[PDB]
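Take a look at this single chain, the form deposited in one PDB entry, given in structure tokens.
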């Protein structure tokens, strides 16, 4: 129907002890504010307002970025002074027309696990019972901090008492206020006009509209959500880590039911935007971050961190730290491999142990197996780079590119002093410093000939164990 959702992100969040605003702390690839705005946008409300207190100039541009990603307008109201949650709703009420007749949903920006289904059931129950206010509730083993729900024996809601304003008998109430409301626009404005600051924290409690609307004879309703994590709030980093662990278990479980093997979900972190193909095995200690895409029948080996990495089908990424890179079908990466942004490994390519690639395009079937740095280079198809090689892309002042052809066989400890081009099918010997272009089919060497200095050990290392091993060898 015609609804308007308001997100209250004006709280200071002092218990986070962070120079970064609370609602912008991230989990599973999105900030808490981004998590809330994503779920609200999936219901497509007619209006959406975000109330910001201080840190408003630091958070407001990120609200506009989310408005661009979700493809709609997201208004922003600003609370001048921290006068409580009631005053914050009144600030967000100025961003609507004074003649607004739709429902008004109130939420906070620190409930990251809140989904569109819980909000849909909130407005659905709100309409089905024809209530003036519907509040979301849940039951916790520790109801500390939250506002307590006061109900009579017939389970009808009487009021909500805050933690700072609760008697010891009321502290024992384990049904808590989730902070997600659904109002009638007219009945709400009437309540907040009658709010009193005569409380412990000396603020305008939005929670007091429950009792105010009860004294008016209006229908007061509370919808109890059993899944407490969906409505849990974040005030400290301990709760942020708890909700991040819970959200990660649900993300991993969804991939498993889709056909993805996650050996150790406890030590496997997967962001919300990550896609994994069918019959892919993910080993412990792995984090899938950002917009990482894993194809089908892959093996993302243990202790692998991937951020915005696109991997094709049937590839193996074992013990790899990569970001902003592409890995083709059937490619083998790892173990102990470092992928910097700009890495495009072709299909059936190999980047082996102790190899670092940065801003390089390596064609189909080319292998870089051992102890090599590949920076700002272009390598063809079905080539082979010897071990202990380096693509020298820094002359001390600027960066230069290197071009390597197809079907080449470069020797071990080959230094490519860019800019240098290596033709197709070319060879370089072991220990070659390539400073000039190598034509196709040529062999490039530079190392001097081998010189053997006989019995040098017995003359310069006389009392050494090696001198005795050589003296005993002459027998």
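Numbering follows the first chain given and starts at 1. Between two forms, the rigid core is defined as the largest C-alpha subset superposing within 1.5 Å.
The same protein also has a form deposited in another entry, omitted here; what follows describes it.
K.L.:
Fix the rigid core, compare C-alpha positions between this form and the one not shown, and report which of 435, 42, 409, 58 shifts by 2 Å or more.
P.N.:
By this measure, the answer is 58.
K.L.:
Cα of residue 464 displaced 2 Å or more between this form and the one not shown, core superposed?
P.N.:
Comparing the forms between this form and the one not shown, which are aligned on their rigid core, residue 464 does shift its C-alpha by 2 Å or more.
K.L.:
Looking in the other entry, decide if the C-alpha atoms of residue 59 and residue 235 are closer or farther than in the form shown; they differ by 3 Å or more.
P.N.:
Here the pair is closer than in the other entry; there, farther apart.
K.L.:
Given that the CA-CA distance for residue 341 and residue 62 shifts by 3 Å or more in the other entry, does it become closer or farther?
P.N.:
Farther apart, by at least 3 Å.
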